[PDB]
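What follows is a short report on a single structure.
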Amino acid sequence: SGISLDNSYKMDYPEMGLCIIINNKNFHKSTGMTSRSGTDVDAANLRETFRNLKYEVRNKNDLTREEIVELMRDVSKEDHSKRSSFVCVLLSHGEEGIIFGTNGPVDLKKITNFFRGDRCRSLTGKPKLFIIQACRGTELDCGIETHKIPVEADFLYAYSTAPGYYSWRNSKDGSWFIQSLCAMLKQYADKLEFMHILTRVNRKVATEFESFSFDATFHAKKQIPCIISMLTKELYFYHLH
Amino acid sequence: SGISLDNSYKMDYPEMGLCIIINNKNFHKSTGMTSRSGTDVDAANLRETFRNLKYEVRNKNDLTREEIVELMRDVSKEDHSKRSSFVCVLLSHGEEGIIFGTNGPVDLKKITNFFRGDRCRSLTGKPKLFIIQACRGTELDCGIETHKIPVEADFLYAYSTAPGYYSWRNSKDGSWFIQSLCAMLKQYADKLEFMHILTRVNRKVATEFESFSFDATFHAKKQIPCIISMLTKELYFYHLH
Amino acid sequence: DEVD
Amino acid sequence: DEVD
Ligand code: NA
Ligand code: NA
């Protein structure tokens, strides 16, 4: 056959892959972590959005740290040979490097290690996407007026916010980042490479949202999401028939 | 006039911008840091590569931590009003979050803060690119067979290696990452959006390089670079006449 | 608006 | 090959 290029991940396997959504709304009282009003709106929006991208969506609600680890271990041990990609969405409290189960923290490194190129062989060479709506610290952005492959290769972290910063969630509309991510996937998943979709998400969050608070400390604050790419190819959710 | 889109940064200002290259090869004996053989090859390759992209390149060699801070402060206080973008390349030892001057460390946060949207007003809304060849830790990748905008917006960090990992430099050929970055910029800067160029860099480093060492600890190791994007638009180094 |  |  004619000249061939391989600048993009093969996304025409029989299945697009799993979309695991971990939706942590209610936390154990002893942790002192507040309920995350609005996160169900996020979880429902993600379920529909990735359903239309033909992902096999699994929604899990209010998981302990132990349940999060066991779920991700179990998922990593499935046979993904017929799947193009893997997506995990984490909706919870967090700090830098950490996502919270309902009763305590989980290292993000422990979650993502289960999917290393050497530990999940049926996902080696395939994009592994981790989409994280959670705080990364307590900073606030005041804004300004205007033969082998590496085991860490082929991961993408779509973080809702910059390192060190809070992330914003609206109790009625859902989180700024997940709202914007789903809108941009709905509009551009049949049109744009994934990094370009995520860049539109960056602009939408950065330009269309500002916090409103009776507390001057938390009022009029802004947010920029953070794309972390170890991908080795372009990622398009569509393929050519 | 007709329908208008603004999905990409305006790169047709009179000047493309500064390219500051900090090339730290020789360190003060008291620090105990080794000389970085091969880094001059990197610095020369970057100078030529960004010269052909029409950047105003400034090469600085063997700067102390004090000189690095003073240089970046001074650069941030220049009038960039007629410049499209800003590029800083750091070639040195490092650890997570840190780049070394010849006599001690500098927080990357301190360097990049000078260019925040609220602190460098003539670069607000313009892409600020930080390209970092330096270690981020001591891990080794064994590989596997096959109205306001946020002050942190519009930064891009092109890291040579994953968080927590060593980065590899060849004493004769230069660093894996800088070698590959310059090659991909030479080949695709007139063809591809910058995130897609950097993705090709990820694949080139991940597939074409493996360490050779008489020390089994350091032998047969691999590397994946790490793209961190807070950009709000697509970045093309060319523009339409 | 709330933070996570 | 050397590390940084
Ligand atoms: Na958000
Ligand atoms: Na390198």
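When reading the values below, keep in mind they use all heavy atoms of this one structure, side chains included, and skip hydrogens, waters and symmetry mates. In what follows, chains are A, B, ... by sequence order, proteins preceding strands, each numbered from 1.
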(message) Taking side chain as everything from C-beta outward and backbone as N, CA, C, O, which of these in A:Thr39 sits under 4.5 Å from a heavy atom of chain C? Side chain, backbone, both or neither.
(response) neither

(request) Can you establish whether the number of heavy atoms outside A:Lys109 located under 6.0 Å from its atom NZ is more than 12? (result) yes

(message) Counting only non-hydrogen atoms closer than 4.5 Å, does A:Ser211 touch chain C with its backbone (N, CA, C, O), its side chain (CB onward), both, or neither?
(response) both

(request) Please state whether the side chain, the backbone, both or neither of A:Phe218 comes within less than 4.5 Å of a heavy atom of chain C. (result) side chain

(request) Under 4.5 Å heavy-atom distance to chain C, tell me which part of A:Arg169 shows up: side chain, backbone, both or neither. (result) both

(message) For A:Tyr166, which atoms come within 4.5 Å of any heavy atom of chain C: side chain, backbone, both, or neither?
(response) side chain

(request) Return yes if a side-chain donor-acceptor contact under 3.5 Å exists between C:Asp4 and A:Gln133, otherwise no. (result) yes

